[PDB]
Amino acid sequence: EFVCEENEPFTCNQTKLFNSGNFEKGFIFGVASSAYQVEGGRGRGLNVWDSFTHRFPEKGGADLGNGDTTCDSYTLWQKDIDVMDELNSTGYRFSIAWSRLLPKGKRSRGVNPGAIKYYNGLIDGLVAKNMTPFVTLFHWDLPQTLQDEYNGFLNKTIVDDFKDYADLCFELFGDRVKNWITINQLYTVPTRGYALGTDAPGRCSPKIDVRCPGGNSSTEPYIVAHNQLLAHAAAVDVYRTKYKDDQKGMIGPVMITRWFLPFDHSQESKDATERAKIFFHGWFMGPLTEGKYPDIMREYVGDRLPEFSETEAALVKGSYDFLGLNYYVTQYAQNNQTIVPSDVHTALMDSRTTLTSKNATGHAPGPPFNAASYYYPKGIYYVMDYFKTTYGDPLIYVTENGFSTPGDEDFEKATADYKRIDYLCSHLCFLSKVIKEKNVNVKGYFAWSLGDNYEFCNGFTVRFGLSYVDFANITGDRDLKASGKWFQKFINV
């Protein structure tokens, strides 16, 4: 029995006391990436994130970076496998770019054969290395023409287009791909893309930001999330009834997870802490389980929250085989019953709560994570436990988990990412405890990311990768950082 440390110093970076043997045999220790962050613009059509970044370069990052060239994994895909081979990664999570397979958006307008060859090459390369291909259908890279036609997910037309795109993917790669993920972080797009206007497509209220071409921020996020659920339900419907019969695989969505703590020792904070969990996670888990949003959210939002039809409710309910939970940090929750003017009101205010980084006394829950948050290693223990106890204990994979490091660090400092090692071992340490003590059904962990790449809304100012990628010499060998070496030795027996 090992005592996991919650604050510095950390002894989990020693493989003598912390190794893969602390987890059950067959645990998936892997890495992850996103299509827009690695692939690039070559051989693919323009998507919504291209338009958002090009029109508002600051919104895509302070460095004004974009997903045009990044590390060019579309051309250097073999290099990613080489890094994984050195990492002994048994699995890998990547995204299929909709604007690559369907540059014109719709399947009827044509399919890019070069896209199929590229993805087949990567999948076959993983199979030759005996790596499990975790595939994300949608990673926020919606084709641009779809947004210019029916505003993307704001219209229900996207459900049919997403169905056809998913239907084509199963026919091409379903023979080898067995882990299908529909959408990554369902909560992110309606909140940061349709309420705050900080992500693509950039819709927000005029008072929230004049740069937004338009938006309401009080009705659009609920509409977009409602149509996303219908599209996600339709994709699961197609896969099980046509491809699961022969390919024998599972399909499941991925949710963003955060742990919540009371701001102080008051009952109002305790209710606000519970409300934060319900609104942040139950907003989708409720429909995923009972086919309807939580009653408290339904009461609070009222008519601004749409409702699923009888046909839709059956499809949405139980529309998952596994859950790709992603946990990064823990935040404190407090009560905020302040009435807000309509011009600046956002859907995030409907919970009547305020999320903070520090406690009432200014104490952090853990070591610093980024410029404006701190990571709480025990938070992942709570998140897995919360999902297991609140919902019928499902098959859970840690599809995304990582630590941000400043990009201005030189090669020696970036490779010596001992802080990244501390983040990963500690979170894995509490992950092992919750699997053992609480019997939580967690079988896979994917560190984010495989290598340094473009970060949404931040450009290249920070790095999440386990392997350093000198963007001045992207064709050069991508050496593994000290965190990468530790992860391989952690896997190695």
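Position 1 is the first residue in the sequence shown; the rest follow in order.
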Practice problem: Look over 371-379 and 239-247 in the entry and identify the one with the greater average Cα temperature factor. | Solution: 239-247
Quiz item: Per the PDB record, is the mean Cα temperature factor higher over 351-359 or over 283-291?
Solution: 283-291
Self-check item: Out of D209, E412, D199, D72, highest CA B-factor residue
Solution: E412
Practice problem: Have a look at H345, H139, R192, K156 and flag the one whose Cα has the highest B-factor in the entry. | Solution: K156
Quiz item: Can you tell me which third, lowest, middle or highest, the CA B-factor of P306 falls into for its chain?
Solution: highest
Exercise. Rank-wise, by C-alpha B-factor, drop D160 into the lowest, middle or highest third of its chain.
Key: highest
Quiz item: Based on the entry's values, in what third of the chain does the Cα temperature factor of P365 lie: lowest, middle or highest?
Solution: middle
Quiz item: When the modelled residues of the chain are sorted by Cα temperature factor, does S426 land in the lowest, middle or highest third?
Solution: middle
Practice problem: Please rank the C-alpha B-factors of the chain's modelled residues and tell me whether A97 sits in the lowest, middle or highest third. | Solution: lowest
